[PDB]
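We begin with a single chain expressed as structure tokens, specifically the form deposited in one PDB entry.
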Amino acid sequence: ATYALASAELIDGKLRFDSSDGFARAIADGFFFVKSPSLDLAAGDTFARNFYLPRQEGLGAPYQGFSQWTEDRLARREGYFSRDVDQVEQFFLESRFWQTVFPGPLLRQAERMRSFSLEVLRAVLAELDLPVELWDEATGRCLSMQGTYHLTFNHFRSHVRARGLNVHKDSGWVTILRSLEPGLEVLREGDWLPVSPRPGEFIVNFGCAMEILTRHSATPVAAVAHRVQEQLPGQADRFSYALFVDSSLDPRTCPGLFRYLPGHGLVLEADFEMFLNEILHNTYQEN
């Protein structure tokens, strides 16, 4: 519970770690720190503290009242959610909705977070056993701006009596997490490792797609389980928000989940269109 994650700075398109073993620990730990490149985080910090409030007429109004943005106005699992089994009250939003839903300054912050997240992804791929010509297809066309990018906000309600948020692994490639306060814990060597945020840095982790891609290469990358500890009603309300990078979900753009096989190239391990054809037949037969 005292192990320190590796930490890097993004310089000239490569991750410069503060120790020589840093990249190797990062892909073994599944989590690592990256210095924020002087990003303006105020619009996101404001939204994180206001989206769930009722909207009034102050200067915070554009960041308030996002209970109006529910799934029926967006798509399923997008928008505002007050779930109760964990403390977390959330706002999920994929990039195609950003210009419509977010105020100007938050729109710009989300777009800069997305581009930063993709620079981090490219910097990781540069160190992996993965030929450069395969990067765009291997990672689901997220690098050519055809992927799925969520900015998600977490409001931890101290007055609610439950887990911060339950154990989960992320689905996609990289996640860039902005947080200021303790609570995050990650699974390392069987034990839960508390991770305290560092000022001016993001926390980065990998998702299942990244592990599927690399686990048969010379440089397997771990997607690691993580959770948030219950926040106490001794004046908590913790806040966080993260940019999730996922593959395109359109089989006509990304056929599914690849594995890289050294010497052989990319092999399609999950064929999205084939699976959708099977679901159609099951749905047809089931009724």
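Don't overthink the numbering: it's just position in the shown sequence, from 1. Rigid core here is just the name for the largest C-alpha set that superposes within 1.5 Å across the two forms.
Missing here is the form deposited in another entry; even so, the following discussion is about that form.
- Once both forms are overlaid on the rigid core, the distance between the two CA positions of residue 43 between this form and the one not shown is under 2 angstroms.
- With the core held fixed, the Cα of residue 9 is displaced between this form and the one not shown by less than 2 Å.
- Once both forms are fitted on their core, the CA shift for residue 223 between this form and the one not shown remains under 2 Å.
- By 3 Å or more, the C-alpha separation between residue 272 and residue 247 shrinks in the other entry relative to the form shown here.
- The gap between the Cα atoms of residue 192 and residue 236 is larger in the other entry, by no less than 3 Å, than in this form.
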